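Residue numbers (PDB author numbering), protein chains in the order written: chain A, 94 to 272; chain A', 3 to 29, 40 to 272; chain B, 112 to 221; chain B', 5 to 56; chain B'', 5 to 221; chain C, 1 to 246; chain C', 1 to 246; chain C'', 1 to 50. A prime marks a further copy of an entry chain. Backbone N, C-alpha and C fix where the C-beta goes; we use that ideal spot for every residue, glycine too. First comes the structure, then the notes that go with it.
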Amino acid sequence: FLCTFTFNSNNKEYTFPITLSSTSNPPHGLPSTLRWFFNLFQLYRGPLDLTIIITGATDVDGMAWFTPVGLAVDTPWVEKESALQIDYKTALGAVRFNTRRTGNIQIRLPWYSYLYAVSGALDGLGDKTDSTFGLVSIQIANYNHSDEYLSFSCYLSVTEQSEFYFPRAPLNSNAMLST
Amino acid sequence: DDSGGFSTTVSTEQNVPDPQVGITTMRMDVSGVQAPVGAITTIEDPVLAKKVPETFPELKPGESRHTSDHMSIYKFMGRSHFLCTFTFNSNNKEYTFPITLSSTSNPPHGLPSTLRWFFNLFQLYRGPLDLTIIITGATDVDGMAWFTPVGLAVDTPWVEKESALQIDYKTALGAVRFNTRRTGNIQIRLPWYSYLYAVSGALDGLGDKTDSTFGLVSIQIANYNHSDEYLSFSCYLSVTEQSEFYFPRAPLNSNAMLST
Amino acid sequence: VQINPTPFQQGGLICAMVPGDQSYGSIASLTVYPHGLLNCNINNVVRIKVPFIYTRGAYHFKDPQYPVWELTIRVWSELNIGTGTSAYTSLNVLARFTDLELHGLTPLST
Amino acid sequence: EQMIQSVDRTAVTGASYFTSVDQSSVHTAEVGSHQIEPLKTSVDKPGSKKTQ
Amino acid sequence: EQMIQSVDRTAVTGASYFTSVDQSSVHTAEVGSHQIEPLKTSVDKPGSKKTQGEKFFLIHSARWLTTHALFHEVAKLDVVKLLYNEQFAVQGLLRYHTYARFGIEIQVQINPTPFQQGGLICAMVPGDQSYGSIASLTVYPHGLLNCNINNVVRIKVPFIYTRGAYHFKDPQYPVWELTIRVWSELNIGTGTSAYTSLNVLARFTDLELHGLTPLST
Amino acid sequence: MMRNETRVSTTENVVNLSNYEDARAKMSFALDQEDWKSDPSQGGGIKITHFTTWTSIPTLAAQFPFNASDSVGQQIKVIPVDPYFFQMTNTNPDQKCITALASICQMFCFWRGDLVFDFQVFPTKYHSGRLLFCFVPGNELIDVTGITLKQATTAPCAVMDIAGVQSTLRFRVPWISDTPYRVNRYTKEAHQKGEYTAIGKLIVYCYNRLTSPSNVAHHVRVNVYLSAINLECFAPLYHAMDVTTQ
Amino acid sequence: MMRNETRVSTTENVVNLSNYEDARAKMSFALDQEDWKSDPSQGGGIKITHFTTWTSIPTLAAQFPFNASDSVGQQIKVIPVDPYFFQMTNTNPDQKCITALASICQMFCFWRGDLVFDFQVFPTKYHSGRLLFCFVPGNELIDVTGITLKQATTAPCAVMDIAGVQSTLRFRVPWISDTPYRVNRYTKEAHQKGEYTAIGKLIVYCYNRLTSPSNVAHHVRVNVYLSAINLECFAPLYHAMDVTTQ
Amino acid sequence: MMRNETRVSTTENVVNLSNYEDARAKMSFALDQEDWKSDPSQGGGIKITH
């Protein structure tokens, strides 16, 4: 498990980062096992597999796109109307799904970084840059709120092309949170 | 020379395409321990401008750590890029938009964003394209699409109006027929049918209206009851491996690249 | 293309062969097209050789669709002189066909 | 000692009847090359002295 | 016909990173030649990168006391940041170069008298300690200073970091953090000295240096 | 009895636009699903399979005058070393003139490589002087305007003479970085420490003054070109790169 | 445990009518899904696998009289050179008589090839005279009616004699174009420069007058046939080609 | 005539999160569906597979 969120209105966007930092406390951050695992070791380098699962309202088309770090992106962990062009969005590559037909998606996230790896345990300045893997965003349109709620959920897994380096000490029992 | 031309000077080709690969690889040091003979040159002379530039000592920069080469054209532009979007406001209507590589056309009617950028990099384009249309909003809507080469009869482009043509003339050009209940998306290759060698993207005036149009994709929808919500379409172009790009031009100035 | 600057002048030129029209794209980037750089210090002569680039089989002369080539000469860096140096340079252009083919004999006088 | 290349100043070019004697000259810049068509737009014989 | 020689105008000279492009240039004039001495004025090895930059340095000097509780942090060190200083001869190499990648070797020294008792763990922690358990420090490269057994620990570690090299002027985050915890408290009888002195010696291994630069800071 | 059967996996009827493996067509309008042979004929035999066609053609990024009034050691022009740099603009028609390297590298997130600055002076044979082109490795926000001339000979530099038979000095900047790549940040709004586009700044001094007789122009304009070698860029995006004023 | 599984791609249950790869049947009404063997029996052994069957059979496109009153150099009939040309009509029954070449080539967007005009005079043995059939390469909207006879011998031409043992002169028009194809524009409404159907116009003059005794007809009618060789057409469409009046 | 055909089995479009055989990705955002080579460089040669 990674996160869950709900659109309350039509034509809105939501952007959450994949942030291995432990300074981030859930609901914004890594919870449960992920928060645990990415703190076992110092460095992480490689692709990831991501699956999003859709609940509630049907007949809803939506687009998702992956934004590497440093590039322009909307305020994370926040639901707000899009600030960007449909042209800038589709250039990063995008799936376009409909919640009538699929109800789930599984898609691999590339490793695009100007960094060697992305460390999970860091503080202060280095924590804001080096600890962010990338920002998955989701935009939905044609959501008529006469319908019921629309819930999303995200689940991360690790490919065989990921690599883990230099084991650290595991987290104390007061630093492992849950969602 | 065959044409009868003579000269003492050595005639040497200029701006050869694809000098190097756009991925870091090895195919020791690059330059060093000798001299930077390559650091002084006359850029006006095309024989001396092909001298490999080298200034300081440097090392070979290893191998790039991902497989694919993102600076290839058939990879970069293989990703399908935005083209247009439009919405039917009423039942039993048709809509026809051309694929027009001309830059005189300013979006929403024209090529936006990257396509407007890419088709202005080079002079000539020859070959098939892949086209994908994506449907939003209303469901239980059957619709037909058909591709019309240039010069043949077609309805007024970039305009939503009731059909002027027979169902027989439409289906003869070939047509998909889809239902927005079942699919919600389509991906279909567009043939290269032209009385022209290629279709140039940068042209003006008279030659701009004919030579710059690849072809006109049309979409007709029926059984749209507007008690329902909006019906949105969107189109995304990509380039096959049978397309060919010729004679690089100068890229567009920052005031000529628009967005949608 | 031929200029004749005296060594007491200074400046440059780019002379590029542009198919069709220049259209929009950048003036800075003319070095993409087949070109040559006329420099008052170095060369007073440039030469360019280009094949047939066009969207059709041949260029119909009576009712030409659009011009096959456009030659454009831009001031690449301005001309500068002291006092008394001649205030200009003359510029001339010599063009010819290579590998010329011809089709369609025809009585049409125009 | 190494030799650093430089422009060859004096050259003589021309075609058929014409000639160019330049002091400042420089090498000519080709692009592309002459191509043959796989599909002929005009099948008739290309014009020449003997046709016209 | 005979050829009369003349100056060769255009030439390109230089050394390391620098270059000279001269139109009017002329051949260089040597005198003498490099000589070797039959009798060496200085017998020590001639200085180089490995003699200056890689030697041992006194980083931090602290004291471990009986009033430090368990898991007390005797000394917290940012190792590389302390190696970048006017005092240490490695500076003159680092002050003029932008980026460096390198190893690290730590030597930590206590001096308990046999009438004292206690322990220490000295661990190399990349980045920051962050959160994770103090009990688990044995995961990191470490050594256990025991008043009974060893008064000397040694540690050798490669370059672990999220980038290519550690930029010294504006460092992103510290590459290594050395932490010294009281692993079991110091205990004495009556009259035994109430403390121990603690010192740290750090140096670079396999030091590389890039980016010469005029920036003084 | 037919036992051929399968199970519908996840992502049923989702459109992945991101790659030509999942973006290729599932059908055609072409009768008999036919293929097109190659036809170089009218195209001059110039076929473009790769974007390195446009990044090796040196184009005019910037231009600065070299005055006779510059005392020894004065910075005439400072360039950040990134493919995204062009200062050239035009008046009529209204446009922002973008180089070839900047126009390709604006479409990619990350860039690395060697950037080859081609400097071209436009002197007469009767001018004389020397320029010093210094490369100062760092981010592009480091404040370099306090560096005197003697201090800048520490950094990798090159000195060209104005009047000679060769006009151009090609300054090839080696790749100097702490990260395997740099990033296109101009999409993002404000600055973030640790995230940088350029690999440094390129300072130009007046090494010796400009001397010249009375009847020749008192200054020499200098074009600055830009190109790239050993270039690697990836992670496509879309951005319209704005003119960089010093 | 059954791990056979697949993912449903895009275009789920869309019907591509455009090609027999996607238009072929997915099932049958035929019991045991049986196949039919060939049976030439009652069909005369004539099997048609290709549309070039109909384009090589020369058919009557047009007809014009050759009067004894035509002065030397007068244009009797002008033909555009395109497969789409027929002027023949009938009265009872009401119909527009379409050739074989025009009836196949009306269904295709683009056509190229050689068009073979077969001229057949219907003289007696006692008539005499000569015709000049001139081909004037260009579009079909060029205005050719001002060309005298001496000027038209510039263009490729042929001269046939009226009275002989052979009736027909076959005028084979080489393909002369600036584009690899021409286009069926008659679907579109008005004219557009650059988009042309014909490759030129075919002028017919009176080279020598028509001489003949008193008791023989004073004119000679001339059929004009039309066919095609080296023909290539493609891009199917549907159009009903209307009679072309001069 | 196309006789290729199959029958849709049970568990149509259910997501099994429990194993990397059914949790692996069905597509990618990576252009040309590219793969990443190994890079021990800055990690000290310490790789954790277990």
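Simplified DSSP state of residue i, which is helix, strand or coil
i	result
residue 42 of chain A'	coil
residue 126 of chain B	strand
residue 86 of chain A'	helix
residue 111 of chain C	strand
residue 219 of chain A	helix
residue 176 of chain B''	coil
residue 36 of chain C''	strand
residue 33 of chain B'	strand
residue 200 of chain B''	strand
residue 128 of chain A'	helix
residue 252 of chain C'	In the structure as shown, chain C' begins at 1 and stops at 246. Residue 252 of chain C' is therefore absent and cannot be evaluated.
residue 144 of chain B	coil
residue 151 of chain B	coil
8 Å contact criterion, which residue i and residue j should meet: CB distance rounded
i	j	result
residue 259 of chain A'	residue 46 of chain C	5 Å
residue 207 of chain A	residue 179 of chain C	5 Å
residue 235 of chain C	residue 90 of chain A'	With a Cβ gap of about 15 Å, residue 235 of chain C and residue 90 of chain A' do not count as contacting.
residue 217 of chain B	residue 73 of chain C'	With a Cβ gap of about 18 Å, residue 217 of chain B and residue 73 of chain C' do not count as contacting.
residue 123 of chain B	residue 122 of chain C	5 Å
Any C-beta of chain A' under 8 Å from that of residue i
i	result
residue 116 of chain B	no
residue 233 of chain A	no
residue 12 of chain C''	no
Neighbour flag for residue i against chain A, beta carbons, 8 Å
i	result
residue 28 of chain C''	yes
residue 121 of chain A'	no
Chain B contact for residue i (CB, 8 Å cutoff)
i	result
residue 29 of chain A'	no
residue 59 of chain A'	no
Opposing strand residues paired with residue i [DSSP bridges]
i	result
residue 260 of chain A	A:134
residue 22 of chain B'	None, per the DSSP bridge assignment.
residue 234 of chain A'	A':154
residue 160 of chain C'	C':131
residue 77 of chain B''	B'':185
residue 214 of chain B''	B'':103
Chain C contact for residue i (CB, 8 Å cutoff)
i	result
residue 140 of chain A	no
residue 201 of chain A	no
is_contact[residue i, chain C'] using C-beta, thresh 8 Å
i	result
residue 165 of chain A'	yes
residue 132 of chain A'	no
residue 52 of chain B'	no
residue 31 of chain C	yes
CB contact check: residue i to chain B'', cutoff 8 Å
i	result
residue 268 of chain A	yes
residue 212 of chain C	no
Test: residue i CB closer than 8 Å to a CB of chain C''
i	result
residue 214 of chain A	no
Between the segment 192-199 of chain C and the segment 78-95 of chain A', do three or more beta carbon pairs fall short of 8 Å?
-> no
Does the segment 29-44 of chain B' come close enough to the segment 147-157 of chain B that 3 or more CB-CB pairs lie under 8 Å?
-> yes
Determine, using beta-carbon pairs with one atom in the segment 38-45 of chain C'' and one in the segment 248-266 of chain A, whether at least three such pairs fall under 8 Å.
-> yes
Kindly confirm or deny that the segment 19-35 of chain C'' and the segment 16-31 of chain C touch, where touching means at least three C-beta pairs closer than 8 Å.
-> yes
Taking one C-beta from the segment 205-215 of chain C and one from the segment 222-239 of chain A each time, how about it: are there three or more such pairs within less than 8 Å?
-> no
May I ask you to verify whether the segment 95-111 of chain A touches the segment 233-246 of chain C', counting CB pairs closer than 8 Å and requiring at least 3?
-> no
Segment contact flag, the segment 42-60 of chain A' with the segment 165-172 of chain C, C-beta cutoff 8 Å, min 3 pairs | yes
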